[PDB]
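First, one chain by itself in structure tokens, the form solved without its partner chain.
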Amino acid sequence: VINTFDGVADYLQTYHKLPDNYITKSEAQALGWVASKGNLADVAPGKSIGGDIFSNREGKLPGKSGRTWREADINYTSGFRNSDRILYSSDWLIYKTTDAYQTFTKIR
């Protein structure tokens, strides 16, 4: 269990998998996610949104003719998302934001 940027990176960089508490919007949606509520700790106690893919629809991540980008929530407990998010590239690049994708800072 963990919800910190470096914690997710260490966990993933070592076990190449997201912490035992990261489920993407994919499942969050079929699981029964609703905008007029933003559920999470209820249907997923101690869990966070992450594991999808980030089609760099912001021109804020390094691209290449053969690679992929994925996002994941950061610093969460029980409620909804926030402005803290982590971006991990298929090239093993680690990117982090704090204003909600607005700006981005690299960490590893």
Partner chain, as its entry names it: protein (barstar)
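Positions refer to the first chain, counted from 1.
Separately, the form deposited with its partner chain bound exists; it is not shown, and the next lines address it.
Would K64 show up as a contact with its partner chain in the deposited complex if we use heavy atoms at 4.5 Å?
-> Taking the distances in the deposited complex, the answer for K64 is no, it never comes within 4.5 Å of its partner chain.
Its partner chain contact in the deposited complex: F54, any heavy atom under 4.5 Å | Contact with its partner chain, yes.
So in the deposited complex, does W33 come within 4.5 Å of its partner chain, heavy atom to heavy atom?
-> Yes, contact at 4.5 Å.
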